[PDB]
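**Student:** Starting off with a structure, shown below.
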Amino acid sequence: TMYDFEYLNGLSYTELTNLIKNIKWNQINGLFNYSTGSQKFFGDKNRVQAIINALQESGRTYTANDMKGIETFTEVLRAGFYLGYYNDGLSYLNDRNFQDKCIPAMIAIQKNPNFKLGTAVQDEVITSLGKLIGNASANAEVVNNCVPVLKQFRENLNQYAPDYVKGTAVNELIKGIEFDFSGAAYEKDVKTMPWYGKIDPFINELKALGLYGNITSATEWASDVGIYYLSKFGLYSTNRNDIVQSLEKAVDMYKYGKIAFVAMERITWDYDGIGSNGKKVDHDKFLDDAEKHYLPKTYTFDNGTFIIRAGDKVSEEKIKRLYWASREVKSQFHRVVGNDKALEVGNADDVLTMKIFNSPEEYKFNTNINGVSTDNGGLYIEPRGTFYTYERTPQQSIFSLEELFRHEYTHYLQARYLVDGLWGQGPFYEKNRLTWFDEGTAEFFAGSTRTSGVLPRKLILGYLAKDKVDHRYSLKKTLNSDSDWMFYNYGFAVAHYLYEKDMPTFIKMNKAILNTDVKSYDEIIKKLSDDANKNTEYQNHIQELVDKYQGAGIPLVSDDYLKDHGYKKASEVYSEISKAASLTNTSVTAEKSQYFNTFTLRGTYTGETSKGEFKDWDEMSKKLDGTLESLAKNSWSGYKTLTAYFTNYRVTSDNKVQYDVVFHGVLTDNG
Ligand SMILES: [Zn+2]
């Protein structure tokens, strides 16, 4: 049955308390709602005093099987103070002096032999006590009587901590006592409190729990709680340095684990950053030492402009592969975008740092060290010109380290060579514009190859294999985002669609973004979205992409890249390349890397009379890719390392096609 609130007002306290004793809390209508009916109930100081006295007698008697309705009693009194906080009508409940009337009721539960945690009743009894203290008030004597529970919980930690019920019980108990105390001395001097200096046994009880040391995956949080609340309750111990010393030991115990960071946060936030010795601890040096631990190895490429700081367990082979993959993705990008001059002088992206943790587990600490999101596969922060990720097994993620490195590398390129101004800030963000584009063209460009342009990724086509009816975004629906997870895959679908079926629009888009021509880009999104035929054209493309899944591949860096190629005179490679790609006025720079040397060769290609920018682009591609493939037929193994692109399209006074052409490959001739 359900009991109403207007009813209870018309009862004796004797019948009311025995009624509350039998019922569960949820049966009462609008118990936390403020009404004209709930006012009269809590308005009677005698009514609530009865409920407390009933709780005190109920606390003196309760057993392992019999609740004695303590759960219900607590929640009712809790509802009172809740309403007494938000409403001027029940202001006497808000007063701390009246809340002290609950203390003998709490003590009754504590002095009862059934105060230990064991049965489902005893577990939720401690739960309801802690939840009450938060809303009511406690004193030193109430606090110190919790010690038999925390000692018991610590003594059988390995069994209890993994249990939700037993765990939550102890947590809520401490969480609640801290809650009351922290509000009780809100801006008052913490030494003026009646508990200050007497809480030693409870404060020392948190030490033992927090400094348990021999912890496992299932019990870390419990010791974590211990340390966090040791700091927060350590503000009520006369010996200040005793507490800080204990926190410092917690750092040293689990050095570079979760609790270590918590303990350090506790010293800087609660104790001003002054250690037990009396001098300021170096928070920055700790974070720096923490990073060096997880990222011990360093790999440097392109004259120290491409640095990978990686975990001790990520293969050198992978490092090398990731370097070469960046070159594959880069060249495709500059081809499509038609620019390779970085947009701004002396930015942080002048040197790209890539930090790769050993595992998702080890990746989580990145948030503590570098203060960036970790609820992701990877993350590029443009103002730092740094992007973070982790090595992964196939079972941890469907995307490999190279694949995600490639998606992220695209963002580096986008921010550097395409979108003028900082990433996320600028005209192209004042309104929602490039959300589909940034993620879309990223997944797309991650499909870069050496000689085949950009190719679909099997796993992305994998995603597209799902119910056709709705779900499949409209062209207009992709162009305009707040939506669901599939946005990256249909955003890609738009990018590939344009790349394969309508390159002019795709080039015009990129040029607009490059020239920061907001009115142009918007006109393009307009024409695409207002066109029903263009959507039908797009809807068909998705089907072709789905159809390609069977014989699709995952474009990755070839093993040929890793082969020891052998010496070839540097002059020979340049001449042979210059001749092959028909380049005039050529320069070349060389650059030292960790495992090898490399050359970037620039030049001007000038062909025959133009067929129009977009036919020209299409031909140039076929031309240049062919030059890369034919060069690879030469007996020098190092020709398979070549990547090439073309930028800055124009035509001469005689309509002859003109591009700037760039070549990049391995160099085995020294100096
Ligand atoms: Zn992305």
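Ordering of the structure tokens sets the chain letters (A, B, ...), residue numbers begin anew at 1 in every chain, and ligands are numbered from 1 in the order given.
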Can I get the residues of chain A within 9 Å of ligand 1, each with the closest pair of atoms and their distance in Å to one decimal, using only C-alpha atoms and all ligand atoms, sorted chain first then ascending number, as a tab-separated table?

**Tutor:**
```
residue	atom	partner	partner_atom_place_in_ligand_line	distance
A:378	CA	ligand 1	1 (Zn)	8.2
A:379	CA	ligand 1	1 (Zn)	7.8
A:380	CA	ligand 1	1 (Zn)	8.3
A:404	CA	ligand 1	1 (Zn)	8.9
A:407	CA	ligand 1	1 (Zn)	6.1
A:408	CA	ligand 1	1 (Zn)	5.9
A:410	CA	ligand 1	1 (Zn)	8.0
A:411	CA	ligand 1	1 (Zn)	6.6
A:438	CA	ligand 1	1 (Zn)	6.6
A:439	CA	ligand 1	1 (Zn)	4.5
A:440	CA	ligand 1	1 (Zn)	7.9
A:441	CA	ligand 1	1 (Zn)	8.7
A:442	CA	ligand 1	1 (Zn)	5.8
A:443	CA	ligand 1	1 (Zn)	7.2
A:488	CA	ligand 1	1 (Zn)	8.4
```

**Student:** Give me the residues within 6 Å of range 210-217 of chain A as a PyMOL selection string, counting only C-alpha atoms and dropping any in the same chain fewer than 3 places off.

**Tutor:** chain A and resi 206-207+220+223+226-227

**Student:** Enumerate the residues of range 377-578 of chain A with a DSSP assignment of alpha helix (DSSP H), computed from the backbone, and present them as a PyMOL selection string.

**Tutor:** chain A and resi 401-413+427-430+435-445+458-464+475-479+487-501+503-514+518-529+532-547+570-578

**Student:** Filtering to C-alpha atoms, could you give me those residues as an mmCIF file, in the first residue's frame?

**Tutor:**
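Once everything was written out, this is result_34.cif:
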```cif
data_model
loop_
_atom_site.group_PDB
_atom_site.id
_atom_site.type_symbol
_atom_site.label_atom_id
_atom_site.label_comp_id
_atom_site.auth_asym_id
_atom_site.auth_seq_id
_atom_site.Cartn_x
_atom_site.Cartn_y
_atom_site.Cartn_z
ATOM 1 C CA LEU A 401 48.303 2.421 -33.801
ATOM 2 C CA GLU A 402 49.238 3.385 -37.369
ATOM 3 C CA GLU A 403 45.577 3.893 -38.360
ATOM 4 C CA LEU A 404 44.850 6.224 -35.465
ATOM 5 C CA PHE A 405 48.203 7.943 -35.856
ATOM 6 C CA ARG A 406 47.140 8.693 -39.435
ATOM 7 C CA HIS A 407 43.716 10.062 -38.440
ATOM 8 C CA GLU A 408 45.406 12.319 -35.893
ATOM 9 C CA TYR A 409 48.265 13.392 -38.182
ATOM 10 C CA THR A 410 45.626 14.810 -40.513
ATOM 11 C CA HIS A 411 44.526 17.220 -37.755
ATOM 12 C CA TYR A 412 48.127 18.412 -37.433
ATOM 13 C CA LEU A 413 48.076 19.145 -41.163
ATOM 14 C CA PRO A 427 35.055 32.483 -38.549
ATOM 15 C CA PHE A 428 34.756 28.812 -39.526
ATOM 16 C CA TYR A 429 33.500 28.068 -36.010
ATOM 17 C CA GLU A 430 31.361 31.144 -35.164
ATOM 18 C CA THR A 435 32.448 19.480 -37.779
ATOM 19 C CA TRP A 436 31.750 16.853 -40.474
ATOM 20 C CA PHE A 437 34.752 18.071 -42.456
ATOM 21 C CA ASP A 438 37.428 17.874 -39.777
ATOM 22 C CA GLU A 439 36.572 14.358 -38.609
ATOM 23 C CA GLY A 440 35.374 13.353 -42.098
ATOM 24 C CA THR A 441 38.480 14.248 -44.097
ATOM 25 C CA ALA A 442 40.580 12.892 -41.216
ATOM 26 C CA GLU A 443 39.192 9.346 -41.429
ATOM 27 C CA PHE A 444 39.490 9.808 -45.228
ATOM 28 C CA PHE A 445 43.107 11.008 -45.413
ATOM 29 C CA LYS A 458 37.879 -1.603 -44.638
ATOM 30 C CA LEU A 459 36.789 -0.901 -41.036
ATOM 31 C CA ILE A 460 35.051 2.368 -41.993
ATOM 32 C CA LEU A 461 33.162 0.572 -44.748
ATOM 33 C CA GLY A 462 32.600 -2.021 -42.030
ATOM 34 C CA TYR A 463 30.670 0.590 -40.048
ATOM 35 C CA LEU A 464 28.607 1.541 -43.094
ATOM 36 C CA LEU A 475 23.840 14.745 -47.686
ATOM 37 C CA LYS A 476 22.264 17.732 -45.912
ATOM 38 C CA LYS A 477 22.100 15.799 -42.618
ATOM 39 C CA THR A 478 25.844 15.095 -42.643
ATOM 40 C CA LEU A 479 26.721 18.650 -43.633
ATOM 41 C CA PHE A 487 28.833 11.142 -38.006
ATOM 42 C CA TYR A 488 32.513 10.297 -38.596
ATOM 43 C CA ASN A 489 31.609 7.556 -41.095
ATOM 44 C CA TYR A 490 29.053 9.456 -43.152
ATOM 45 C CA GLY A 491 31.272 12.540 -42.906
ATOM 46 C CA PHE A 492 33.974 10.403 -44.495
ATOM 47 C CA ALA A 493 31.353 9.196 -46.985
ATOM 48 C CA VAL A 494 30.812 12.800 -48.085
ATOM 49 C CA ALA A 495 34.556 13.414 -48.377
ATOM 50 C CA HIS A 496 35.229 10.281 -50.475
ATOM 51 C CA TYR A 497 32.103 10.938 -52.548
ATOM 52 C CA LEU A 498 33.455 14.317 -53.607
ATOM 53 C CA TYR A 499 37.008 13.001 -54.040
ATOM 54 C CA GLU A 500 35.849 10.238 -56.370
ATOM 55 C CA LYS A 501 32.750 11.605 -58.134
ATOM 56 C CA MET A 503 36.661 16.602 -57.423
ATOM 57 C CA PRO A 504 36.013 20.180 -58.529
ATOM 58 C CA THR A 505 33.642 20.826 -55.605
ATOM 59 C CA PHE A 506 36.096 19.090 -53.289
ATOM 60 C CA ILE A 507 38.922 21.326 -54.488
ATOM 61 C CA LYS A 508 36.731 24.449 -54.291
ATOM 62 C CA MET A 509 35.831 23.576 -50.681
ATOM 63 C CA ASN A 510 39.453 23.278 -49.657
ATOM 64 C CA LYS A 511 40.429 26.489 -51.450
ATOM 65 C CA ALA A 512 37.658 28.401 -49.640
ATOM 66 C CA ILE A 513 38.795 27.158 -46.222
ATOM 67 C CA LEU A 514 42.371 28.010 -47.226
ATOM 68 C CA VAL A 518 33.286 31.818 -45.366
ATOM 69 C CA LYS A 519 30.715 33.082 -47.892
ATOM 70 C CA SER A 520 32.105 30.669 -50.517
ATOM 71 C CA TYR A 521 32.164 27.587 -48.302
ATOM 72 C CA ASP A 522 28.613 28.307 -47.150
ATOM 73 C CA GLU A 523 27.454 28.696 -50.771
ATOM 74 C CA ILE A 524 28.937 25.250 -51.456
ATOM 75 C CA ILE A 525 27.237 23.663 -48.451
ATOM 76 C CA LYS A 526 24.037 25.424 -49.577
ATOM 77 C CA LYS A 527 24.144 24.109 -53.161
ATOM 78 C CA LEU A 528 24.927 20.571 -51.922
ATOM 79 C CA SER A 529 22.238 20.509 -49.224
ATOM 80 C CA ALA A 532 17.922 16.477 -54.050
ATOM 81 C CA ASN A 533 19.776 14.958 -57.014
ATOM 82 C CA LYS A 534 23.193 15.497 -55.370
ATOM 83 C CA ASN A 535 21.890 13.579 -52.358
ATOM 84 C CA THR A 536 20.637 10.756 -54.590
ATOM 85 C CA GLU A 537 24.099 10.817 -56.169
ATOM 86 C CA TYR A 538 25.579 10.629 -52.651
ATOM 87 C CA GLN A 539 23.138 7.948 -51.446
ATOM 88 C CA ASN A 540 24.306 5.730 -54.312
ATOM 89 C CA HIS A 541 27.956 6.312 -53.388
ATOM 90 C CA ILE A 542 27.401 4.918 -49.881
ATOM 91 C CA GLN A 543 26.079 1.715 -51.478
ATOM 92 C CA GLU A 544 29.189 1.403 -53.676
ATOM 93 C CA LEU A 545 31.368 1.896 -50.597
ATOM 94 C CA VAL A 546 29.370 -0.799 -48.793
ATOM 95 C CA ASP A 547 29.762 -3.029 -51.858
ATOM 96 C CA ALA A 570 72.908 11.235 -53.602
ATOM 97 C CA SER A 571 73.531 13.033 -56.917
ATOM 98 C CA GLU A 572 72.327 9.958 -58.844
ATOM 99 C CA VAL A 573 68.933 9.886 -57.059
ATOM 100 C CA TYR A 574 68.247 13.581 -57.677
ATOM 101 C CA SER A 575 69.202 13.545 -61.380
ATOM 102 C CA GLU A 576 67.131 10.378 -61.865
ATOM 103 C CA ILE A 577 64.147 11.962 -60.094
ATOM 104 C CA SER A 578 64.515 15.377 -61.792
#
```

**Student:** At a cut-off of 9 Å, using only C-alpha atoms, what residues contact residue 601 in chain A? Leave out same-chain residues fewer than 4 positions from it and give the result as a count of residues only.

**Tutor:** 13

**Student:** With distances taken over only C-alpha atoms, which of A:222, A:307, A:415, A:28 is nearest to residue 160 in chain A?

**Tutor:**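 Under the stated criterion, the closest residue is A:222.
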
**Student:** What's around residue 372 in chain A at 12 Å? Count only C-alpha atoms, leave out sequence neighbours fewer than 4 positions away in its own chain, and write the answer as a ChimeraX atom specification.

**Tutor:** /A:363-368,376,378-381,384,386-389

**Student:** Could you name the residues that touch residue 113 in chain A at 12 Å or less, counting only C-alpha atoms, but leaving out those on the same chain fewer than 3 positions away, as a VMD selection string?

**Tutor:** chain A and resid 59 to 64 107 to 110 116 to 118 122 148 to 149

**Student:** When distances are computed from only C-alpha atoms, which of A:315, A:231, A:396, A:621 shows the smallest separation from residue 269 in chain A?

**Tutor:**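 Nearest to residue 269 in chain A: A:231.
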
**Student:** Which polymer residues have any atom within 12 Å of an atom of range 5-14 of chain A, counting only C-alpha atoms, with same-chain residues fewer than 6 positions away left out, as a PyMOL selection string?

**Tutor:** chain A and resi 20-21+26-54+76

**Student:** Hey, can you check how far CA of residue 636 in chain A sits from CA of residue 562 in chain A?

**Tutor:**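 Between CA of residue 636 in chain A and CA of residue 562 in chain A the gap is 13.9 Å.
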
**Student:** Find the residue from A:150, A:486, A:262, A:55 that sits nearest to residue 103 in chain A; use only C-alpha atoms when measuring.

**Tutor:**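 The shortest atom-to-atom distance to residue 103 in chain A comes from A:55.
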
**Student:** For range 244-257 of chain A, work out the shell of residues within 6 Å, counting only C-alpha atoms and skipping chain neighbours fewer than 3 positions away, then give it as a ChimeraX atom specification.

**Tutor:** /A:241,260,263,276,290

**Student:** Using only C-alpha atoms, which of the listed residues (A:610, A:353, A:448, A:137) sits closest to residue 324 in chain A?

**Tutor:** A:448

**Student:** Can you tell me, as a tab-separated table (two decimals) with C-alpha atoms, in the first residue's frame, which residues in range 485-619 of chain A count as strand (DSSP E) by DSSP?

**Tutor:**
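File part_27.tsv, as written:
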```tsv
chain	number	residue	atom	x	y	z
A	583	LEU	CA	61.39	19.12	-63.09
A	584	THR	CA	63.27	22.37	-63.71
A	585	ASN	CA	64.94	24.73	-61.23
A	586	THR	CA	65.35	22.23	-58.39
A	587	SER	CA	66.69	22.50	-54.86
A	588	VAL	CA	67.18	19.80	-52.24
A	589	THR	CA	67.60	19.71	-48.47
A	590	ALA	CA	68.70	16.68	-46.48
A	591	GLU	CA	67.70	15.92	-42.90
A	592	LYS	CA	69.07	13.62	-40.20
A	597	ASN	CA	68.70	10.16	-43.25
A	598	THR	CA	66.21	11.72	-45.66
A	599	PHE	CA	66.00	14.19	-48.54
A	600	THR	CA	63.25	16.54	-49.65
A	601	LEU	CA	63.62	17.60	-53.29
A	602	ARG	CA	61.66	20.55	-54.66
A	603	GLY	CA	61.18	21.67	-58.25
A	604	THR	CA	58.93	23.19	-60.89
A	605	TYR	CA	57.05	21.02	-63.37
A	606	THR	CA	55.68	22.68	-66.47
A	607	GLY	CA	53.66	20.55	-68.90
A	608	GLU	CA	51.59	21.04	-72.06
A	609	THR	CA	48.57	23.29	-72.72
```

**Student:** Between A:611, A:563, A:623, A:633, which has the minimum distance to residue 666 in chain A (counting only C-alpha atoms)?

**Tutor:**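 Residue with the minimum atom-to-atom distance to residue 666 in chain A: A:563.
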
**Student:** How many Å lie between CA of residue 625 in chain A and CA of residue 451 in chain A, rounded to one decimal?

**Tutor:**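 Separation between CA of residue 625 in chain A and CA of residue 451 in chain A: 5.0 Å.
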